Each structure stands twice: as C-alpha cells, then as structure tokens.
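Given as structure tokens, the chain that follows is alone and in the form deposited in one PDB entry.
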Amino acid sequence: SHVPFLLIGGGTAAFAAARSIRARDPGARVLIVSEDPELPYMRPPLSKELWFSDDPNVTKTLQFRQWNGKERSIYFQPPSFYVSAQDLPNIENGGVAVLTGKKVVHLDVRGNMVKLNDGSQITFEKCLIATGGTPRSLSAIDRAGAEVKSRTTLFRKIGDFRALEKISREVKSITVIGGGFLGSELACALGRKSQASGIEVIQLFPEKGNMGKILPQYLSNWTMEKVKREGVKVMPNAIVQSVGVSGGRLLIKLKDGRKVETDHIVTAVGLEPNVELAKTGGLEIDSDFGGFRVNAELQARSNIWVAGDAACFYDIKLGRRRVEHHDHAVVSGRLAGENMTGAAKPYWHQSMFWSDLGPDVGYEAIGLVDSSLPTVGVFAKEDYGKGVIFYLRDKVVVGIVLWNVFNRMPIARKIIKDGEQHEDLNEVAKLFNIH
C-alpha cells in the first residue's frame, strides 16, 4: 500500500499539513495514519470552550461557542469532508483520508516505508512525522498500582475530555498535576464548571507559579493568582514522590511533604515528543530539545519533515528550538505541509500562542518565551493587568508576551523580527499602548 503524503499522526499539525498540502496541492492524497480512532480535532477546546458551553449534549456533539457566539465542532472538519482510506488512492481530486486506529511502528527511512501495527506496510513519498507527543506520565504514577492508574489519566484526547467531564459530573475532586499550559487551562475549565457543580479542582506543579517555564517570576505569580480566582486550588513548588489509593480516593504524596487527596488525577506534566520512529528510522533526535532534529524548514531527511510538537527546528532569528502549541502545530504543520509541497520556507512568521486563564488572563506570546531568559516587562498604569514582556538575549528582544494587550501581536512580531538593541524598552512598550 502507498500514499503520496503520509502524515504520521492524526493531529493538528497533520491536519494543518493536510490542509496546507491540499491548499498548495489541491489534488493531494494525504493519508493521515492516526493511531487514534478519532478524526483530527483541535485540542484547545478540550481544555477550554467545550467546558464553557451550555448543553449537556456538548459532550456528545463536541461543539463549542467561539469568541463571537458562532458555534463549531472540535473536529477540524465533518467526517464527510474526509475520504475513506480505501477510497483515498482512487477518489477524484484526491483528499484526506484518516486510517484511524492504525499506528506506524517502523519507519523505513531508506525504503520510504512505514510498517503499521497490523503488520501492514505503507510506502510514502513525503512523510510528515506529526506524531506530536504523548503526555509524559509521572514516574510516581507508573510505579504505582493498577488501581491508582485506573483513576489517574493523561489529557490529550476527546476520550480524555469525555472521561474527564463525565468524571467532572461524577467525582467531587479532580487534581491537575502540572503547572504549564494544560494543567492551568484544565484547572480553569474545571474551575468554571465548579461554579455550578461545586467540584473540587486542584492544580499542582514544581514551579513557583503557573506557566513557570514561560512567564517571568512576577508575572507567573500574578497569573497563578488569576487561576486561583477561577476556582482552582493552585499548589506551586510541588514535586510528587508517590501516588496510592486511600479511602476509595487517590492520595498524592509530594516531596516537600504536602499531600493531595483526589478522586481523579490528570497529569499534564509536559509532553514527550513521540520519537519512537527515530530509532528504526535512524533519525536524529535533539538531545537538548527532544524531538526529531529538523532544520529551519522542519526537515529531518529528504522526505521526512516533522511538524508540531515533535519537531525540534532551527529558528534563524532565535536559534534551535521545539514548540508545542496549537498555532505552532498549525503554523509548523502548515509550514511543513507547504515545505512538503516544496515551499522551502524557513520558519519565520512566528507561531504564537494564547492562553486564557479566566477572564483577566488573556495573553499572547511570541518567540523565545522562556522564563530562563532575561526579561523586561512594562505594564499599564503589582498590577500586571496589562503589559508587554520582553524576553532578551544578546541585548535584543527575543520573545514577547502581550499581556491582556489585544490587537498588538503585529507590533510584537515586529520587535522580535527587528533585533533592534533598544535604547529604552519603556519607549517600546508604548507601541503596545502601555504607558
């Protein structure tokens, strides 16, 4: 069996890639081999607006109100927008098929071939590894019993949302382990639901505050406070030593000694780029950033690009990196799809991300947004309600967070791009309508 564009993984980058492949190559035959039985869907509403919707039937429909009151599905497109795997090689105008429930287990890079779990083989011409990541689990939950594992869940998928929101109607306490994006958003989502249902929502993580890897300390702190205000028990500086079952419920034991009892743990502890295919593939992984080491164009080897969460790419302006964001999956998937159809475009228009942690934390971020970098923050009118945060390297702005600053990403994009050695970052903040 053969397909021109084999997108390994049925996610956002694969869909964006399938879309940009199809935008750039309107006849393209794209087989998404998706080990997931679900058709591609955006993950963000699984931790945001799928929770915000009225209608108990939201869980079945998987539909959500957008920023304007217009509703839409989590699925990138109706199932009827896809052609079947069997029809894919034959259907006129090509299309996008998803072989759902099938996993690529061997990447014969030399042979441009994948072997699936069912022993079946598919060759390809262009391959996007858009395998994303699997939620890292906690060492403590792996070494724990069959009982605790049956009530600890990872969160990535529709089934995780469905399990979790069902659980959110069934149990009285859900603990989110992880202080990054997903922890913080699931915290807030569950927080919002707890307004009407009264469920306990605990969020816990090793850093000083939410988004610790991302936000400078002062701002990570201001944010944690906003997440708390969403109805979340936020527990920073938390390292899990072990997890057991106790009194029907789960008992999480922290290194510092604190202990969380909860009915259900969601561990959002970062992502392991799914690089299993590298070994048989002879593909280089980045030992620093993880993921498949790819260049500015998302390319690993001649016919293999990697996009989305699994891609460790070179940013010409910002250096080598890996980014795990929907818009990056979209941007890099789109880019890889463009590059898979020959754009030879380096990553350049920066992917951004946004996060909402309640109504007072709406931010957008671009570039090297890493709390390990020097930063300069300038804020309106400590009150960090509105401001702009500059991540700096070699006397130059390398990352920007637009903090409740709306409609200014263009300006941020421009500062990142220009590598100006700013005489006065206070004058630069004024560009973001921060005085």
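We call the rigid core whatever largest set of C-alpha positions still superposes within 1.5 Å between the two forms. We number the residues from 1 along the sequence you see.
Although it is not shown, the form deposited in another entry is what the next lines describe.
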| property | result |
| --- | --- |
| Rigid core superposition, residue 345 Cα moves 2 angstroms or more between this form and the one not shown | yes |
| Did residue 270 shift 2 Å or more between this form and the one not shown, C-alpha, core superposed | no |
| Post core alignment: residue 60 C-alpha displaced by 2 Å or more between this form and the one not shown | no |
| Shift in CA distance, residue 287 and residue 217, in the other form relative to the form shown here, given it is 3 Å or more | farther |
| In the other form, shift in Cα separation for residue 359 relative to residue 49, 3 Å or more | closer |
